[PDB]
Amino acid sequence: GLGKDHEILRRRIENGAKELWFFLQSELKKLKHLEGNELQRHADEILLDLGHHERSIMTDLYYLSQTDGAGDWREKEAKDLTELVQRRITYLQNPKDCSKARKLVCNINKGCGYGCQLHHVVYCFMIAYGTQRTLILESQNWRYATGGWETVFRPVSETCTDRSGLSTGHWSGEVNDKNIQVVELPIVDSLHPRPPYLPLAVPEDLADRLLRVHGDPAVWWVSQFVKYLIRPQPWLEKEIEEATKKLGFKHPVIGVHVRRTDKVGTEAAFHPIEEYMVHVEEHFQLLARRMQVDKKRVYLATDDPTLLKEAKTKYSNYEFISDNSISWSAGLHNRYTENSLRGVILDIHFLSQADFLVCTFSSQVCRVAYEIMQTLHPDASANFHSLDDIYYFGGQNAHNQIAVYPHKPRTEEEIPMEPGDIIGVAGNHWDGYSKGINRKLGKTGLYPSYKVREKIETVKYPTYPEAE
């Protein structure tokens, strides 16, 4: 039948939202007959009260997601899917005869940072999976560690790591390469023609089961290849375990990635420590409603060695967990060394293990951590707050949404929408509005974020029946 707690919680969520609406209607009407100081003090007081009121609703929603076996079922179903995908990838990557295997050769040496390079391999991997070719990762002279991938990670194959074959060619399309045994894939920006096995689409054979389980199936798919790629060598597995003990990493803990140095004034903006911490504080207030928070722990990953001292001074009621020598190694002068490589691998590891992630998704470092985080819980798709971009995968196809409720523009900055219009989302402004193009009309501008739904794209991937 129906669960007692499920029904109490659903009714409490309804009633809490109603009480919030009652409160808002009364307070905004009072507010619009004030001025000067009294107007501003009341505005602030309303926001304070709304914060706690909204967090109690979120708290009941968290409980609703777990009652009456839901949490256990979601865990068992997520575990079952990941074991299936990993089992497929492993079968693909370990043919019996390497001399006769179809192969796709990826070169790690894209000229960029660790996250960008890791995502390059993921993109190679996703296309190899889609074309039923064993991924051959060539990583000699990898600028972080010229010994190659196996400096930190397991080889991507136990049986087939050789690039030999009866015929080799540069990628030219799935059909043309039908009978070519070894195909060389370039970086995505040089890829012509593009195949369908790219983010943010998901395999159509997994799409239905994924909706039952995960809030963002596109990231889940990406993360399955990240999971396989970062299988640690024995020594790295030990380094992570030793770091966990030495740093005192324990829960609850919130991860904060503050990207500075060369990202400032090229691809992203400078963000002061206070802009990250408002969301850290907001989230610990949430956690405190459902668990006791002995100590407010923040794992701080940054390429600015001076930030740790600044944060500690400004937030003395927080315990900042952070490896300042790792920060030093991320500086421009030492970035492309093995010591630095392991610094970022560890920072990304602990970022990914946190209960919540606050950062700028414009940085590949945070995206990797967010991606890995998906492999650690049934549905961690919402456990982040980004100060700029929404989730994206460099080289993805167009991210589209579908308008569900009509919108009449109130200013010229807003675009109109009718239920069913394809909206190409460029970003969420985290203020109730997103920016995108209404492809129906060809107009670009702002629209209310709640009035659209995600347009999840599917692709016919192989399902590797033999892997069972």
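Position 1 is the first residue in the sequence shown; the rest follow in order.
In this entry, the higher average B-factor at the C-alpha atoms falls on 164-172, of the pair 320-328 and 164-172. Higher mean CA temperature factor between 278-286 and 207-215: 207-215, per the PDB entry. The PDB entry assigns its highest CA temperature factor, among 117, 396, 134, 340, to 134. The PDB entry assigns the greatest CA B-factor among 51, 432, 436, 36 to 36.
Per the PDB record, residue ranking by Cα B-factor puts residue 148 in the middle third of the chain. When the modelled residues of the chain are ordered by their C-alpha B factor, residue 400 lands in the middle third. In this PDB entry, the Cα temperature factor of residue 427 sits in the bottom third of its chain's modelled residues, the lowest group. The entry lists a Cα temperature factor for residue 104 that places it in the highest third of the chain's modelled residues.
In the PDB entry, residue 10 places in the middle third of its chain by CA B-factor.
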